[PDB]
$ cat structure_23.txt   # compact mmCIF, C-alpha atoms and all ligand atoms
# COMPACT_ATOMS: atom_id res chain seq x y z
CA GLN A 1 -21.11 -183.19 74.93
CA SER A 2 -21.18 -180.23 77.30
CA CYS A 3 -23.20 -178.99 80.27
CA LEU A 4 -23.66 -175.47 81.59
CA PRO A 5 -21.68 -173.94 84.49
CA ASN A 6 -22.69 -175.52 87.81
CA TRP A 7 -24.64 -178.32 86.09
CA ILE A 8 -23.45 -181.93 86.55
CA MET A 9 -22.95 -184.23 83.58
CA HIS A 10 -24.16 -187.75 83.96
CA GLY A 11 -25.49 -190.32 81.45
CA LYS A 12 -27.77 -188.81 78.81
CA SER A 13 -28.17 -185.44 80.54
CA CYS A 14 -27.04 -182.47 82.59
CA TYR A 15 -28.49 -181.97 86.08
CA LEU A 16 -28.60 -178.99 88.41
CA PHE A 17 -28.85 -179.60 92.11
CA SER A 18 -30.57 -176.36 93.17
CA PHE A 19 -29.76 -175.78 96.85
CA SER A 20 -32.41 -173.12 97.18
CA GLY A 21 -35.82 -173.40 98.81
CA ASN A 22 -38.89 -173.24 96.60
CA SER A 23 -42.36 -174.71 96.21
CA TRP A 24 -42.72 -177.57 93.72
CA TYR A 25 -44.55 -175.03 91.55
CA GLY A 26 -41.66 -172.53 91.79
CA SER A 27 -39.10 -175.34 91.37
CA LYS A 28 -40.96 -176.30 88.14
CA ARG A 29 -40.83 -172.71 86.83
CA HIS A 30 -37.17 -172.30 87.69
CA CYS A 31 -36.07 -175.40 85.76
CA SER A 32 -38.12 -174.41 82.78
CA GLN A 33 -36.79 -170.84 82.89
CA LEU A 34 -33.43 -172.52 82.27
CA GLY A 35 -34.64 -174.59 79.28
CA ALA A 36 -35.14 -177.68 81.43
CA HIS A 37 -37.67 -179.60 83.52
CA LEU A 38 -37.87 -181.18 86.95
CA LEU A 39 -35.84 -184.38 87.28
CA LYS A 40 -37.30 -187.37 85.52
CA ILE A 41 -35.93 -190.62 86.95
CA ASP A 42 -36.23 -192.93 83.96
CA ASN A 43 -34.55 -196.09 85.27
CA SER A 44 -32.42 -197.60 88.07
CA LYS A 45 -29.12 -196.45 86.50
CA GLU A 46 -30.24 -192.87 86.71
CA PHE A 47 -31.70 -193.38 90.23
CA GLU A 48 -28.36 -194.68 91.42
CA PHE A 49 -26.49 -191.54 90.26
CA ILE A 50 -29.21 -189.29 91.77
CA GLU A 51 -29.23 -191.23 95.02
CA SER A 52 -25.40 -190.95 95.32
CA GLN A 53 -25.87 -187.12 95.50
CA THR A 54 -29.14 -187.00 97.48
CA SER A 55 -27.79 -189.35 100.14
CA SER A 56 -24.69 -187.18 100.62
CA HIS A 57 -27.00 -184.17 101.04
CA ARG A 58 -29.34 -185.63 103.71
CA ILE A 59 -30.12 -182.25 105.39
CA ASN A 60 -32.06 -181.39 102.23
CA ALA A 61 -34.91 -182.96 100.30
CA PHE A 62 -35.21 -182.40 96.54
CA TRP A 63 -38.41 -181.91 94.57
CA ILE A 64 -38.62 -184.02 91.45
CA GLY A 65 -40.78 -183.83 88.32
CA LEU A 66 -43.34 -186.35 89.56
CA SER A 67 -46.93 -185.17 90.41
CA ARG A 68 -50.67 -185.82 90.17
CA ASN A 69 -53.70 -183.55 89.60
CA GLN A 70 -55.44 -184.89 92.70
CA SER A 71 -55.22 -187.59 95.35
CA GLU A 72 -57.17 -190.25 93.49
CA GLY A 73 -55.12 -189.48 90.37
CA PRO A 74 -52.19 -191.32 88.75
CA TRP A 75 -48.65 -189.99 89.19
CA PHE A 76 -47.07 -188.46 86.06
CA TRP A 77 -43.69 -187.07 85.03
CA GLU A 78 -43.38 -183.53 83.65
CA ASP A 79 -43.61 -184.56 79.96
CA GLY A 80 -46.97 -186.15 80.88
CA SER A 81 -45.39 -189.60 80.64
CA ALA A 82 -46.91 -192.16 82.99
CA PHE A 83 -45.12 -193.30 86.13
CA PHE A 84 -43.56 -196.72 86.59
CA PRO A 85 -42.28 -198.12 89.90
CA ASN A 86 -39.22 -199.28 87.90
CA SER A 87 -36.72 -197.32 90.09
CA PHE A 88 -38.56 -196.39 93.29
CA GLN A 89 -42.02 -196.39 94.81
CA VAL A 90 -43.59 -193.21 96.24
CA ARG A 91 -43.79 -193.37 100.03
CA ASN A 92 -47.00 -191.91 101.33
CA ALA A 93 -45.82 -189.26 103.83
CA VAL A 94 -49.35 -188.03 104.75
CA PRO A 95 -49.66 -188.02 108.60
CA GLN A 96 -53.46 -188.20 108.66
CA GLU A 97 -56.12 -187.18 106.14
CA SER A 98 -55.12 -185.08 103.07
CA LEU A 99 -56.00 -184.17 99.47
CA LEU A 100 -52.89 -182.00 99.17
CA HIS A 101 -49.96 -184.44 98.99
CA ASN A 102 -49.72 -184.28 95.20
CA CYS A 103 -46.06 -183.51 94.54
CA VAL A 104 -42.99 -185.74 94.95
CA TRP A 105 -39.55 -185.13 96.45
CA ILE A 106 -36.49 -187.31 97.03
CA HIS A 107 -34.81 -187.48 100.42
CA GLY A 108 -31.72 -189.69 100.83
CA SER A 109 -32.64 -192.92 99.07
CA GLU A 110 -36.42 -192.49 99.45
CA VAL A 111 -39.20 -190.81 97.55
CA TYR A 112 -42.15 -189.16 99.31
CA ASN A 113 -45.32 -187.28 98.38
CA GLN A 114 -45.61 -183.81 99.98
CA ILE A 115 -47.78 -180.69 99.84
CA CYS A 116 -46.98 -178.85 96.61
CA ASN A 117 -46.59 -175.36 98.11
CA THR A 118 -44.03 -176.74 100.63
CA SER A 119 -40.49 -175.37 100.56
CA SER A 120 -37.72 -177.68 99.36
CA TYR A 121 -34.63 -177.93 97.20
CA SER A 122 -34.90 -179.27 93.69
CA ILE A 123 -33.17 -181.04 90.79
CA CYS A 124 -33.46 -179.91 87.19
CA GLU A 125 -32.68 -182.10 84.20
CA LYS A 126 -31.70 -181.19 80.67
CA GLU A 127 -31.23 -183.92 78.04
CA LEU A 128 -27.99 -183.92 76.04
CA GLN B 1 -21.26 -189.50 104.57
CA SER B 2 -22.22 -185.97 103.57
CA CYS B 3 -20.87 -183.17 101.45
CA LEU B 4 -21.48 -179.44 101.75
CA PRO B 5 -24.29 -177.97 99.60
CA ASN B 6 -23.10 -177.33 96.02
CA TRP B 7 -20.25 -179.87 96.47
CA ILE B 8 -20.35 -183.38 94.98
CA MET B 9 -19.47 -186.72 96.58
CA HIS B 10 -17.32 -189.23 94.69
CA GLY B 11 -15.02 -191.96 96.00
CA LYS B 12 -13.40 -190.90 99.28
CA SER B 13 -13.88 -187.12 98.80
CA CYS B 14 -16.14 -184.08 98.40
CA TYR B 15 -15.38 -181.86 95.38
CA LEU B 16 -16.23 -178.26 94.58
CA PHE B 17 -16.18 -177.39 90.87
CA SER B 18 -15.85 -173.64 91.18
CA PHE B 19 -17.14 -171.76 88.17
CA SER B 20 -15.51 -168.49 89.04
CA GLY B 21 -12.28 -166.97 87.77
CA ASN B 22 -9.18 -166.72 89.94
CA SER B 23 -5.42 -166.95 89.81
CA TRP B 24 -3.98 -170.26 90.97
CA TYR B 25 -3.08 -168.39 94.18
CA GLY B 26 -6.62 -167.16 94.88
CA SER B 27 -8.03 -170.56 93.90
CA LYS B 28 -5.67 -172.05 96.51
CA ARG B 29 -6.74 -169.60 99.21
CA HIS B 30 -10.46 -170.00 98.24
CA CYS B 31 -10.19 -173.79 98.73
CA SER B 32 -8.33 -173.49 102.06
CA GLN B 33 -10.91 -171.08 103.42
CA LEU B 34 -13.53 -173.78 102.85
CA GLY B 35 -11.45 -176.25 104.87
CA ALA B 36 -10.42 -177.84 101.56
CA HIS B 37 -7.48 -177.81 99.18
CA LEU B 38 -7.03 -177.57 95.42
CA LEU B 39 -7.78 -180.90 93.71
CA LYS B 40 -5.22 -183.64 94.22
CA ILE B 41 -5.43 -186.41 91.59
CA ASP B 42 -4.35 -189.63 93.30
CA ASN B 43 -5.23 -192.18 90.58
CA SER B 44 -6.96 -193.08 87.31
CA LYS B 45 -10.35 -193.81 88.88
CA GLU B 46 -10.32 -190.33 90.40
CA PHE B 47 -8.92 -188.80 87.20
CA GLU B 48 -11.75 -190.42 85.22
CA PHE B 49 -14.39 -188.91 87.53
CA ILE B 50 -12.85 -185.43 87.26
CA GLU B 51 -12.41 -185.70 83.48
CA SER B 52 -16.07 -186.74 83.13
CA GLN B 53 -16.84 -183.24 84.47
CA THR B 54 -14.07 -181.18 82.87
CA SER B 55 -14.72 -182.64 79.43
CA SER B 56 -18.28 -181.38 79.50
CA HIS B 57 -17.15 -177.93 80.60
CA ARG B 58 -14.49 -177.22 77.91
CA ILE B 59 -15.22 -173.46 77.51
CA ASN B 60 -12.77 -173.07 80.41
CA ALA B 61 -9.96 -174.65 82.41
CA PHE B 62 -9.75 -175.74 86.05
CA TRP B 63 -6.81 -175.04 88.39
CA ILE B 64 -5.67 -178.03 90.47
CA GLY B 65 -3.21 -178.59 93.33
CA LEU B 66 -0.17 -179.12 91.16
CA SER B 67 2.61 -176.57 90.79
CA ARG B 68 6.39 -176.20 91.05
CA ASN B 69 8.77 -173.65 92.59
CA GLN B 70 11.03 -173.02 89.59
CA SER B 71 10.83 -173.87 85.88
CA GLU B 72 13.50 -176.62 86.15
CA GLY B 73 12.00 -178.20 89.28
CA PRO B 74 9.67 -181.13 90.04
CA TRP B 75 5.87 -180.94 90.28
CA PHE B 76 4.30 -181.27 93.71
CA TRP B 77 0.77 -181.48 95.11
CA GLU B 78 -0.46 -179.00 97.74
CA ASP B 79 0.29 -181.45 100.58
CA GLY B 80 3.95 -181.27 99.37
CA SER B 81 3.56 -184.75 97.95
CA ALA B 82 5.52 -185.85 94.88
CA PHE B 83 3.99 -185.93 91.40
CA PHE B 84 4.18 -189.28 89.65
CA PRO B 85 2.61 -189.76 86.20
CA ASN B 86 0.30 -192.64 87.24
CA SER B 87 -2.86 -190.87 86.00
CA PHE B 88 -1.81 -188.16 83.56
CA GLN B 89 1.26 -186.47 82.16
CA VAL B 90 1.52 -182.67 82.18
CA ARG B 91 1.33 -181.37 78.63
CA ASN B 92 3.73 -178.59 77.83
CA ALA B 93 1.92 -176.41 75.29
CA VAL B 94 4.19 -173.38 75.92
CA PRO B 95 4.64 -171.39 72.67
CA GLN B 96 7.76 -169.39 73.68
CA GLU B 97 10.47 -169.06 76.37
CA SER B 98 9.09 -168.83 79.89
CA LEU B 99 10.20 -169.25 83.51
CA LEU B 100 6.60 -168.83 84.67
CA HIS B 101 4.35 -171.70 83.54
CA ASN B 102 4.58 -173.17 87.04
CA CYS B 103 0.96 -174.00 87.96
CA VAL B 104 -1.21 -176.81 86.56
CA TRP B 105 -4.83 -176.79 85.36
CA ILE B 106 -7.09 -179.31 83.58
CA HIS B 107 -8.71 -178.22 80.36
CA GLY B 108 -11.19 -180.69 78.79
CA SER B 109 -9.47 -184.10 79.07
CA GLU B 110 -5.85 -182.87 79.20
CA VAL B 111 -3.57 -181.42 81.90
CA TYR B 112 -1.41 -178.29 81.16
CA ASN B 113 1.14 -176.13 82.91
CA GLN B 114 0.36 -172.40 82.79
CA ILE B 115 1.26 -169.02 84.27
CA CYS B 116 -0.01 -168.93 87.86
CA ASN B 117 -1.68 -165.50 87.96
CA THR B 118 -3.88 -166.47 84.99
CA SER B 119 -7.62 -166.44 85.67
CA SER B 120 -9.56 -169.69 85.24
CA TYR B 121 -11.94 -171.94 87.12
CA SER B 122 -10.85 -174.31 89.90
CA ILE B 123 -11.60 -177.55 91.71
CA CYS B 124 -11.48 -177.91 95.47
CA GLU B 125 -11.27 -181.33 97.11
CA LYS B 126 -12.08 -182.37 100.69
CA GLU B 127 -11.30 -185.97 101.82
CA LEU B 128 -13.91 -187.96 103.70
MG MG C 201 -34.04 -188.63 83.26
MG MG C 202 -7.67 -186.80 95.46
$ encode --input "structure_23.txt" --output "structure tokens" --more "lines below"
Ligand SMILES: [Mg+2]
Ligand SMILES: [Mg+2]
Amino acid sequence: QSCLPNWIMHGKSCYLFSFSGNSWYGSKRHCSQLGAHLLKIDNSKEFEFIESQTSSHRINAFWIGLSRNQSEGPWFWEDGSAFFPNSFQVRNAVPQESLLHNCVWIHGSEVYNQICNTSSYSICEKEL
Amino acid sequence: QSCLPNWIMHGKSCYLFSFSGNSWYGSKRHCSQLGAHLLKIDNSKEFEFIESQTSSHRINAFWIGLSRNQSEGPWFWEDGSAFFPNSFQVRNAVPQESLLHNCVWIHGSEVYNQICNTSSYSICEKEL
């Protein structure tokens, strides 16, 4: 099958590495504007491809589709599907106390929680 | 190592799939201006990575670093290196007489010679 201009084909989907700063919120709207969603990392195969591109773009971090309503709350993907530490675990980045670290980005080969209104790059996914 | 934003690491190189129309000439100067060069396909492993991308963007063709000086002359890569058909053969799909189909692009999975001032997309490559 085919992907759109500037989107990368891999596996069961097309991905767009958006080198443009936005909140997680804005990054979520952008992907959806394009008929897509924030990157769901389903399994280690898909993590491996993602990590090959995120680790060659170290200067940037990339919001993904993982979040939680609040600090005590479970992580969930965009489709509402539950999170499994089948590919990565979320590294708690919080310096001290915080109720705001409720959105997830990837940097290099690691995944961190960050403040949702923080500026970062992003990855969009669209299933073939 | 690292690639420039909007470029893609694979094997020993960074690649720019450029979704913008240009003659082979302009594609060549656009690549060189980025400190790169039009795609050189060294082998099957590399050809398979490129074709994974070009086959999912079939609405258009991609200029590469292959071209010749006259119709009855050998193909060479930008670095002035010899063409050998270790990875692909150049398909001649030329419907009438022509002294001008002297530049090479990839379209889908296949490689074709074409008139050089023709507008299509391009691929830049930058070795690691
Ligand atoms: Mg996925
Ligand atoms: Mg090469």
$ calpha_fit_and_write --input "structure_23.txt" --fixed "chain B" --moving "chain A" --output "PDB file with C-alpha atoms, keeping the file's coordinate frame"
ATOM      1  CA  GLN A   1     -20.912-189.706 104.625  1.00  0.00           C
ATOM      2  CA  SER A   2     -21.996-186.198 103.676  1.00  0.00           C
ATOM      3  CA  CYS A   3     -20.749-183.288 101.575  1.00  0.00           C
ATOM      4  CA  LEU A   4     -21.547-179.594 101.831  1.00  0.00           C
ATOM      5  CA  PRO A   5     -24.163-177.764  99.715  1.00  0.00           C
ATOM      6  CA  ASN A   6     -23.010-177.457  96.093  1.00  0.00           C
ATOM      7  CA  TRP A   7     -20.127-179.911  96.614  1.00  0.00           C
ATOM      8  CA  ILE A   8     -20.151-183.205  94.663  1.00  0.00           C
ATOM      9  CA  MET A   9     -19.628-186.529  96.406  1.00  0.00           C
ATOM     10  CA  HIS A  10     -17.406-188.997  94.683  1.00  0.00           C
ATOM     11  CA  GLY A  11     -15.111-191.773  95.988  1.00  0.00           C
ATOM     12  CA  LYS A  12     -13.196-190.797  99.123  1.00  0.00           C
ATOM     13  CA  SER A  13     -14.041-187.087  98.942  1.00  0.00           C
ATOM     14  CA  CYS A  14     -16.232-184.089  98.229  1.00  0.00           C
ATOM     15  CA  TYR A  15     -15.336-181.789  95.324  1.00  0.00           C
ATOM     16  CA  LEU A  16     -16.385-178.267  94.422  1.00  0.00           C
ATOM     17  CA  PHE A  17     -16.291-177.224  90.812  1.00  0.00           C
ATOM     18  CA  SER A  18     -15.787-173.465  91.254  1.00  0.00           C
ATOM     19  CA  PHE A  19     -17.068-171.755  88.096  1.00  0.00           C
ATOM     20  CA  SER A  20     -15.436-168.483  89.012  1.00  0.00           C
ATOM     21  CA  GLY A  21     -12.275-166.961  87.580  1.00  0.00           C
ATOM     22  CA  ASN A  22      -9.226-166.712  89.812  1.00  0.00           C
ATOM     23  CA  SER A  23      -5.449-166.999  89.739  1.00  0.00           C
ATOM     24  CA  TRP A  24      -3.980-170.330  90.859  1.00  0.00           C
ATOM     25  CA  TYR A  25      -2.858-168.430  93.964  1.00  0.00           C
ATOM     26  CA  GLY A  26      -6.400-167.133  94.623  1.00  0.00           C
ATOM     27  CA  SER A  27      -7.891-170.540  93.733  1.00  0.00           C
ATOM     28  CA  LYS A  28      -5.539-172.053  96.377  1.00  0.00           C
ATOM     29  CA  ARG A  29      -6.678-169.546  99.030  1.00  0.00           C
ATOM     30  CA  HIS A  30     -10.342-170.040  98.233  1.00  0.00           C
ATOM     31  CA  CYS A  31     -10.226-173.827  98.672  1.00  0.00           C
ATOM     32  CA  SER A  32      -8.334-173.508 101.894  1.00  0.00           C
ATOM     33  CA  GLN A  33     -10.729-170.839 103.185  1.00  0.00           C
ATOM     34  CA  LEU A  34     -13.315-173.619 102.899  1.00  0.00           C
ATOM     35  CA  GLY A  35     -11.247-176.197 104.839  1.00  0.00           C
ATOM     36  CA  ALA A  36      -9.992-177.819 101.642  1.00  0.00           C
ATOM     37  CA  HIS A  37      -7.185-177.802  99.079  1.00  0.00           C
ATOM     38  CA  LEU A  38      -6.807-177.714  95.317  1.00  0.00           C
ATOM     39  CA  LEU A  39      -7.742-180.982  93.610  1.00  0.00           C
ATOM     40  CA  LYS A  40      -5.258-183.774  94.065  1.00  0.00           C
ATOM     41  CA  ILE A  41      -5.654-186.429  91.368  1.00  0.00           C
ATOM     42  CA  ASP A  42      -4.370-189.509  93.165  1.00  0.00           C
ATOM     43  CA  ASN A  43      -5.076-192.236  90.598  1.00  0.00           C
ATOM     44  CA  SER A  44      -6.863-193.099  87.324  1.00  0.00           C
ATOM     45  CA  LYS A  45     -10.201-193.816  89.061  1.00  0.00           C
ATOM     46  CA  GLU A  46     -10.294-190.302  90.387  1.00  0.00           C
ATOM     47  CA  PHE A  47      -9.072-188.852  87.042  1.00  0.00           C
ATOM     48  CA  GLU A  48     -11.923-190.574  85.261  1.00  0.00           C
ATOM     49  CA  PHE A  49     -14.577-188.958  87.508  1.00  0.00           C
ATOM     50  CA  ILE A  50     -12.856-185.541  87.185  1.00  0.00           C
ATOM     51  CA  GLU A  51     -12.518-185.893  83.431  1.00  0.00           C
ATOM     52  CA  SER A  52     -16.250-186.778  83.083  1.00  0.00           C
ATOM     53  CA  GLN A  53     -17.034-183.273  84.505  1.00  0.00           C
ATOM     54  CA  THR A  54     -14.163-181.313  82.911  1.00  0.00           C
ATOM     55  CA  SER A  55     -14.935-182.697  79.460  1.00  0.00           C
ATOM     56  CA  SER A  56     -18.592-181.654  79.755  1.00  0.00           C
ATOM     57  CA  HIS A  57     -17.400-178.157  80.715  1.00  0.00           C
ATOM     58  CA  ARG A  58     -14.970-177.575  77.801  1.00  0.00           C
ATOM     59  CA  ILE A  59     -15.454-173.753  77.688  1.00  0.00           C
ATOM     60  CA  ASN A  60     -13.608-173.654  81.016  1.00  0.00           C
ATOM     61  CA  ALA A  61     -10.246-174.846  82.275  1.00  0.00           C
ATOM     62  CA  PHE A  62      -9.800-175.777  85.946  1.00  0.00           C
ATOM     63  CA  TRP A  63      -6.755-175.107  88.100  1.00  0.00           C
ATOM     64  CA  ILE A  64      -5.607-178.097  90.093  1.00  0.00           C
ATOM     65  CA  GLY A  65      -3.344-178.488  93.130  1.00  0.00           C
ATOM     66  CA  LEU A  66      -0.242-179.316  91.098  1.00  0.00           C
ATOM     67  CA  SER A  67       2.698-176.797  90.982  1.00  0.00           C
ATOM     68  CA  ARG A  68       6.458-176.234  91.120  1.00  0.00           C
ATOM     69  CA  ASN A  69       8.653-173.534  92.716  1.00  0.00           C
ATOM     70  CA  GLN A  70      10.440-172.872  89.429  1.00  0.00           C
ATOM     71  CA  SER A  71      10.846-174.193  85.901  1.00  0.00           C
ATOM     72  CA  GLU A  72      13.697-176.583  86.607  1.00  0.00           C
ATOM     73  CA  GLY A  73      11.799-177.842  89.664  1.00  0.00           C
ATOM     74  CA  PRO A  74       9.760-181.020  90.245  1.00  0.00           C
ATOM     75  CA  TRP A  75       5.957-180.855  90.211  1.00  0.00           C
ATOM     76  CA  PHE A  76       4.264-181.314  93.611  1.00  0.00           C
ATOM     77  CA  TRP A  77       0.726-181.636  94.950  1.00  0.00           C
ATOM     78  CA  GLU A  78      -0.562-179.259  97.638  1.00  0.00           C
ATOM     79  CA  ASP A  79       0.315-181.546 100.593  1.00  0.00           C
ATOM     80  CA  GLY A  80       3.908-181.446  99.271  1.00  0.00           C
ATOM     81  CA  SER A  81       3.528-185.011  98.003  1.00  0.00           C
ATOM     82  CA  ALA A  82       5.560-185.766  94.891  1.00  0.00           C
ATOM     83  CA  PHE A  83       3.947-186.065  91.475  1.00  0.00           C
ATOM     84  CA  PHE A  84       3.513-189.317  89.583  1.00  0.00           C
ATOM     85  CA  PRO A  85       2.448-189.604  85.931  1.00  0.00           C
ATOM     86  CA  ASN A  86       0.106-192.395  87.129  1.00  0.00           C
ATOM     87  CA  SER A  87      -3.073-190.650  85.809  1.00  0.00           C
ATOM     88  CA  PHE A  88      -1.919-187.972  83.363  1.00  0.00           C
ATOM     89  CA  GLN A  89       1.211-186.237  82.148  1.00  0.00           C
ATOM     90  CA  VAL A  90       1.559-182.430  82.221  1.00  0.00           C
ATOM     91  CA  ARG A  91       1.456-180.982  78.710  1.00  0.00           C
ATOM     92  CA  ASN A  92       3.909-178.166  78.280  1.00  0.00           C
ATOM     93  CA  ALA A  93       1.730-175.278  77.025  1.00  0.00           C
ATOM     94  CA  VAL A  94       4.592-172.708  76.862  1.00  0.00           C
ATOM     95  CA  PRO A  95       4.533-171.054  73.372  1.00  0.00           C
ATOM     96  CA  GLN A  96       8.174-169.949  73.432  1.00  0.00           C
ATOM     97  CA  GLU A  97      10.591-169.221  76.277  1.00  0.00           C
ATOM     98  CA  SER A  98       9.260-168.979  79.883  1.00  0.00           C
ATOM     99  CA  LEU A  99      10.129-169.358  83.580  1.00  0.00           C
ATOM    100  CA  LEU A 100       6.533-168.631  84.585  1.00  0.00           C
ATOM    101  CA  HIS A 101       4.553-171.745  83.609  1.00  0.00           C
ATOM    102  CA  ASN A 102       4.619-173.207  87.117  1.00  0.00           C
ATOM    103  CA  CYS A 103       0.979-174.002  87.852  1.00  0.00           C
ATOM    104  CA  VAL A 104      -1.253-176.745  86.416  1.00  0.00           C
ATOM    105  CA  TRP A 105      -4.830-176.740  85.128  1.00  0.00           C
ATOM    106  CA  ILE A 106      -7.083-179.369  83.558  1.00  0.00           C
ATOM    107  CA  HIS A 107      -8.922-178.701  80.315  1.00  0.00           C
ATOM    108  CA  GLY A 108     -11.178-181.434  78.887  1.00  0.00           C
ATOM    109  CA  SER A 109      -9.129-184.607  79.218  1.00  0.00           C
ATOM    110  CA  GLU A 110      -5.730-182.857  79.234  1.00  0.00           C
ATOM    111  CA  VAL A 111      -3.464-181.277  81.789  1.00  0.00           C
ATOM    112  CA  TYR A 112      -1.359-178.198  81.004  1.00  0.00           C
ATOM    113  CA  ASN A 113       1.125-175.931  82.776  1.00  0.00           C
ATOM    114  CA  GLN A 114       0.157-172.223  82.748  1.00  0.00           C
ATOM    115  CA  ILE A 115       1.232-168.902  84.257  1.00  0.00           C
ATOM    116  CA  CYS A 116       0.187-168.882  87.913  1.00  0.00           C
ATOM    117  CA  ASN A 117      -1.421-165.418  87.951  1.00  0.00           C
ATOM    118  CA  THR A 118      -3.630-166.422  84.964  1.00  0.00           C
ATOM    119  CA  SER A 119      -7.400-166.427  85.412  1.00  0.00           C
ATOM    120  CA  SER A 120      -9.177-169.787  85.426  1.00  0.00           C
ATOM    121  CA  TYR A 121     -11.820-171.873  87.140  1.00  0.00           C
ATOM    122  CA  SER A 122     -10.825-174.340  89.806  1.00  0.00           C
ATOM    123  CA  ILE A 123     -11.636-177.582  91.641  1.00  0.00           C
ATOM    124  CA  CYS A 124     -11.394-177.964  95.399  1.00  0.00           C
ATOM    125  CA  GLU A 125     -11.168-181.292  97.192  1.00  0.00           C
ATOM    126  CA  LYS A 126     -12.062-182.248 100.732  1.00  0.00           C
ATOM    127  CA  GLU A 127     -11.405-185.793 101.992  1.00  0.00           C
ATOM    128  CA  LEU A 128     -14.284-187.649 103.655  1.00  0.00           C
TER     129      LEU A 128
END
$ residues_near_ligand --input "structure_23.txt" --ligand "ligand MG 201 (chain C)" --cutoff "12 Å" --atoms "all atoms listed in the file" --output "MDAnalysis selection string"
chainID A and resid 9:15 36:50 64:66 77:79 81 87 123:128
$ closest_residue --input "structure_23.txt" --among "B:63, B:7, B:75, B:19" --to "residue B:115" --atoms "only C-alpha atoms"
B:63
$ interface_residues --input "structure_23.txt" --of "chain A" --to "chain B" --cutoff "8 Å" --atoms "only C-alpha atoms" --output "VMD selection string"
chain A and resid 1 to 6 8 to 9 17 19 52 to 53 55 to 58
$ atom_distance --input "structure_23.txt" --atom1 "atom CA of residue B:101" --atom2 "atom CA of residue B:30"
20.9 Å
$ atom_distance --input "structure_23.txt" --atom1 "atom CA of residue A:80" --atom2 "atom CA of residue A:21"
24.7 Å
$ atom_distance --input "structure_23.txt" --atom1 "atom CA of residue A:26" --atom2 "atom CA of residue A:76"
17.8 Å
$ axis_aligned_box --input "structure_23.txt" --around "stretch 109-125 of chain A" --padding-each-side "5 Å" --output "AutoDock Vina command-line options"
--center_x -40.2 --center_y -184.1 --center_z 92.4 --size_x 25.1 --size_y 27.6 --size_z 26.4
$ decode --input "structure_23.txt" --residues "stretch 63-73 of chain B" --atoms "N, CA, C and O atoms" --output "PDB file, in the first residue's frame"
ATOM      1  N   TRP B  63      14.066  11.111  -8.808  1.00  0.00           N
ATOM      2  CA  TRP B  63      15.409  11.253  -9.398  1.00  0.00           C
ATOM      3  C   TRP B  63      16.483  10.660  -8.485  1.00  0.00           C
ATOM      4  O   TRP B  63      16.379  10.732  -7.255  1.00  0.00           O
ATOM      5  N   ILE B  64      17.503  10.055  -9.087  1.00  0.00           N
ATOM      6  CA  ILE B  64      18.626   9.495  -8.344  1.00  0.00           C
ATOM      7  C   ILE B  64      19.910   9.905  -9.085  1.00  0.00           C
ATOM      8  O   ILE B  64      19.843  10.590 -10.096  1.00  0.00           O
ATOM      9  N   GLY B  65      21.061   9.477  -8.582  1.00  0.00           N
ATOM     10  CA  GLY B  65      22.358  10.000  -8.992  1.00  0.00           C
ATOM     11  C   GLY B  65      22.926   9.391 -10.248  1.00  0.00           C
ATOM     12  O   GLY B  65      24.110   9.524 -10.516  1.00  0.00           O
ATOM     13  N   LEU B  66      22.074   8.750 -11.034  1.00  0.00           N
ATOM     14  CA  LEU B  66      22.490   8.020 -12.195  1.00  0.00           C
ATOM     15  C   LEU B  66      22.038   8.767 -13.467  1.00  0.00           C
ATOM     16  O   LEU B  66      20.916   9.308 -13.560  1.00  0.00           O
ATOM     17  N   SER B  67      22.952   8.792 -14.423  1.00  0.00           N
ATOM     18  CA  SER B  67      22.852   9.606 -15.628  1.00  0.00           C
ATOM     19  C   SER B  67      24.019   9.258 -16.536  1.00  0.00           C
ATOM     20  O   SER B  67      24.990   8.660 -16.098  1.00  0.00           O
ATOM     21  N   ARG B  68      23.905   9.640 -17.803  1.00  0.00           N
ATOM     22  CA  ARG B  68      24.964   9.450 -18.790  1.00  0.00           C
ATOM     23  C   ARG B  68      25.118  10.698 -19.652  1.00  0.00           C
ATOM     24  O   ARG B  68      24.208  11.513 -19.736  1.00  0.00           O
ATOM     25  N   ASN B  69      26.266  10.830 -20.306  1.00  0.00           N
ATOM     26  CA  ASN B  69      26.586  12.018 -21.093  1.00  0.00           C
ATOM     27  C   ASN B  69      26.008  12.066 -22.499  1.00  0.00           C
ATOM     28  O   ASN B  69      25.727  13.143 -23.024  1.00  0.00           O
ATOM     29  N   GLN B  70      25.885  10.899 -23.117  1.00  0.00           N
ATOM     30  CA  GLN B  70      25.273  10.759 -24.438  1.00  0.00           C
ATOM     31  C   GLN B  70      24.413   9.506 -24.402  1.00  0.00           C
ATOM     32  O   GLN B  70      24.599   8.646 -23.535  1.00  0.00           O
ATOM     33  N   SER B  71      23.485   9.411 -25.351  1.00  0.00           N
ATOM     34  CA  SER B  71      22.576   8.267 -25.485  1.00  0.00           C
ATOM     35  C   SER B  71      23.269   6.892 -25.575  1.00  0.00           C
ATOM     36  O   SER B  71      22.775   5.904 -25.044  1.00  0.00           O
ATOM     37  N   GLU B  72      24.399   6.842 -26.276  1.00  0.00           N
ATOM     38  CA  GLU B  72      25.145   5.605 -26.531  1.00  0.00           C
ATOM     39  C   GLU B  72      26.312   5.448 -25.567  1.00  0.00           C
ATOM     40  O   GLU B  72      27.310   4.825 -25.906  1.00  0.00           O
ATOM     41  N   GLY B  73      26.194   6.015 -24.368  1.00  0.00           N
ATOM     42  CA  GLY B  73      27.283   5.989 -23.399  1.00  0.00           C
ATOM     43  C   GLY B  73      26.879   5.331 -22.098  1.00  0.00           C
ATOM     44  O   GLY B  73      25.680   5.168 -21.834  1.00  0.00           O
TER      45      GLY B  73
END
